[PDB]
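Enquirer: Quick one, entry37.pdb (PDB, N, CA and C atoms):
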ATOM      1  N   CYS A   1      -7.220   1.646  -2.912  1.00  0.00           N
ATOM      2  CA  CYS A   1      -5.765   1.556  -2.891  1.00  0.00           C
ATOM      3  C   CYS A   1      -5.224   1.178  -4.267  1.00  0.00           C
ATOM      4  N   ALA A   2      -3.936   0.857  -4.322  1.00  0.00           N
ATOM      5  CA  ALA A   2      -3.296   0.475  -5.576  1.00  0.00           C
ATOM      6  C   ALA A   2      -4.095  -0.609  -6.291  1.00  0.00           C
ATOM      7  N   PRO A   3      -3.852  -0.757  -7.602  1.00  0.00           N
ATOM      8  CA  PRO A   3      -4.538  -1.755  -8.427  1.00  0.00           C
ATOM      9  C   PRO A   3      -4.113  -3.179  -8.089  1.00  0.00           C
ATOM     10  N   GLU A   4      -2.853  -3.338  -7.695  1.00  0.00           N
ATOM     11  CA  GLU A   4      -2.323  -4.650  -7.343  1.00  0.00           C
ATOM     12  C   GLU A   4      -1.439  -4.563  -6.102  1.00  0.00           C
ATOM     13  N   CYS A   5      -2.058  -4.683  -4.933  1.00  0.00           N
ATOM     14  CA  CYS A   5      -1.332  -4.620  -3.671  1.00  0.00           C
ATOM     15  C   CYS A   5      -2.278  -4.799  -2.487  1.00  0.00           C
ATOM     16  N   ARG A   6      -1.934  -5.726  -1.599  1.00  0.00           N
ATOM     17  CA  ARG A   6      -2.754  -5.998  -0.423  1.00  0.00           C
ATOM     18  C   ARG A   6      -2.857  -4.761   0.465  1.00  0.00           C
ATOM     19  N   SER A   7      -3.371  -4.950   1.676  1.00  0.00           N
ATOM     20  CA  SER A   7      -3.529  -3.850   2.620  1.00  0.00           C
ATOM     21  C   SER A   7      -2.569  -4.002   3.797  1.00  0.00           C
ATOM     22  N   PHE A   8      -2.767  -3.180   4.823  1.00  0.00           N
ATOM     23  CA  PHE A   8      -1.920  -3.222   6.009  1.00  0.00           C
ATOM     24  C   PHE A   8      -0.482  -2.846   5.662  1.00  0.00           C
ATOM     25  N   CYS A   9      -0.329  -1.867   4.778  1.00  0.00           N
ATOM     26  CA  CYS A   9       0.991  -1.413   4.360  1.00  0.00           C
ATOM     27  C   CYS A   9       1.855  -2.589   3.911  1.00  0.00           C
ATOM     28  N   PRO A  10       1.552  -3.122   2.718  1.00  0.00           N
ATOM     29  CA  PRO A  10       2.289  -4.255   2.148  1.00  0.00           C
ATOM     30  C   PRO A  10       3.705  -3.873   1.728  1.00  0.00           C
ATOM     31  N   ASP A  11       3.821  -2.777   0.986  1.00  0.00           N
ATOM     32  CA  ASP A  11       5.121  -2.305   0.521  1.00  0.00           C
ATOM     33  C   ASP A  11       5.392  -0.888   1.018  1.00  0.00           C
ATOM     34  N   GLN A  12       6.433  -0.266   0.474  1.00  0.00           N
ATOM     35  CA  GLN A  12       6.800   1.091   0.864  1.00  0.00           C
ATOM     36  C   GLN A  12       5.891   2.115   0.192  1.00  0.00           C
ATOM     37  N   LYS A  13       5.702   1.964  -1.114  1.00  0.00           N
ATOM     38  CA  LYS A  13       4.855   2.875  -1.875  1.00  0.00           C
ATOM     39  C   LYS A  13       3.391   2.454  -1.791  1.00  0.00           C
ATOM     40  N   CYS A  14       3.148   1.152  -1.890  1.00  0.00           N
ATOM     41  CA  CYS A  14       1.793   0.618  -1.826  1.00  0.00           C
ATOM     42  C   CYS A  14       1.069   1.125  -0.581  1.00  0.00           C
ATOM     43  N   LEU A  15       1.805   1.241   0.518  1.00  0.00           N
ATOM     44  CA  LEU A  15       1.235   1.714   1.775  1.00  0.00           C
ATOM     45  C   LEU A  15       0.930   3.206   1.707  1.00  0.00           C
ATOM     46  N   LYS A  16       1.708   3.928   0.907  1.00  0.00           N
ATOM     47  CA  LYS A  16       1.521   5.366   0.749  1.00  0.00           C
ATOM     48  C   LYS A  16       0.391   5.663  -0.233  1.00  0.00           C
ATOM     49  N   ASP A  17       0.268   4.825  -1.256  1.00  0.00           N
ATOM     50  CA  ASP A  17      -0.773   4.997  -2.263  1.00  0.00           C
ATOM     51  C   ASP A  17      -2.122   4.514  -1.739  1.00  0.00           C
ATOM     52  N   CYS A  18      -2.096   3.447  -0.949  1.00  0.00           N
ATOM     53  CA  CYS A  18      -3.315   2.883  -0.382  1.00  0.00           C
ATOM     54  C   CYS A  18      -3.966   3.863   0.590  1.00  0.00           C
ATOM     55  N   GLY A  19      -3.378   3.992   1.776  1.00  0.00           N
ATOM     56  CA  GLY A  19      -3.915   4.896   2.776  1.00  0.00           C
ATOM     57  C   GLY A  19      -3.486   4.526   4.182  1.00  0.00           C
ATOM     58  N   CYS A  20      -2.184   4.344   4.373  1.00  0.00           N
ATOM     59  CA  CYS A  20      -1.646   3.982   5.679  1.00  0.00           C
ATOM     60  C   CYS A  20      -1.303   5.229   6.490  1.00  0.00           C
ATOM     61  N   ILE A  21      -0.415   6.055   5.946  1.00  0.00           N
ATOM     62  CA  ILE A  21      -0.002   7.280   6.618  1.00  0.00           C
ATOM     63  C   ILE A  21      -1.210   8.115   7.032  1.00  0.00           C
TER      64      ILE A  21
END
Would you mind writing the file's structure down as structure tokens?

Expert:
Amino acid sequence: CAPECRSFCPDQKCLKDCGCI
């Protein structure tokens, strides 16, 4: 996922970059 962002869809983009959708 992102370089600086937790999991479980933390933010709007972070969740999209990580792997929520």

Enquirer: Could you check how far CA of residue 3 in chain A sits from CA of residue 16 in chain A, in Å to one decimal?

Expert: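 Separation between CA of residue 3 in chain A and CA of residue 16 in chain A: 13.1 Å.
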
Enquirer: I'd like the interatomic distance between CA of residue 1 in chain A and atom N of residue 17 in chain A, to a tenth of an Å.

Expert: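 Separation of CA of residue 1 in chain A and atom N of residue 17 in chain A: 7.1 Å.
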
Enquirer: In Å, rounded to a single decimal, give me how far CA of residue 21 in chain A is from atom C of residue 4 in chain A.

Expert: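 Between atom C of residue 4 in chain A and CA of residue 21 in chain A the gap is 17.4 Å.
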
Enquirer: Go through chain A and collect every residue that DSSP, computed from the backbone, puts in alpha helix (DSSP H); the answer should be as a VMD selection string.

Expert: chain A and resid 14 to 18

Enquirer: Each side padded by 5 Å, which centre and which edge lengths in Å (one decimal) define the axis-aligned box around the listed atoms of range 7-10 of chain A? Give them as lines of an AutoDock Vina configuration file.

Expert:
center_x = 0.1
center_y = -3.2
center_z = 3.8
size_x = 17.2
size_y = 13.5
size_z = 14.3

Enquirer: Need to verify the contact set: residue 20 in chain A, 8 Å, all atoms listed in the file, exclusion of same-chain residues closer than 5 positions in sequence. Can you return it as a list in words?

Expert: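 Listed by chain and then number, they are residues 8, 9, 14 and 15 of chain A.
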